[PDB]
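Each step along the sequence shown adds one to the number in the numbering used here, with nothing skipped, and position 21 is 24. Beta carbons: idealized from backbone N, C-alpha and C, even for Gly. Before any comments, here is the structure.
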Amino acid sequence: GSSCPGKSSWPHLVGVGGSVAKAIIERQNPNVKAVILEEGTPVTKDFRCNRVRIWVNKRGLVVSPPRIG
């Protein structure tokens, strides 16, 4: 698939706290939810362009994938 409606990719919210990153996904794409799980959280396999799955790396940072799937 290509880029769905709404922000298709974020800048660099990594290290900005899952909170700030989440606010960006909402203010960047009101049609996508901002999720925040630790890199490894057993979640579903299919990704939705309406859900920016942000994750946090044990390194103590927020790895927010600046690209929706």
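{"query": "Exposed or buried, which one is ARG56 when buried takes at least 16 other CB atoms within 10 Å?", "result": "buried"}
{"query": "Does DSSP put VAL23 in a helix, in a strand, or in coil?", "result": "helix"}
{"query": "On the premise that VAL66 lies in contact with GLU29, defined as a C-beta separation below 8 Å, what is that separation, rounded to the nearest angstrom?", "result": "Not a contact, Cβ separation roughly 18 Å."}
{"query": "Rounded to the nearest angstrom, what separates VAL19 and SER6 at their Cα positions?", "result": "24 Å"}
{"query": "Comparing C-alpha positions only, which one of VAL17, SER22 and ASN34 sits nearest to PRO8?", "result": "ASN34"}
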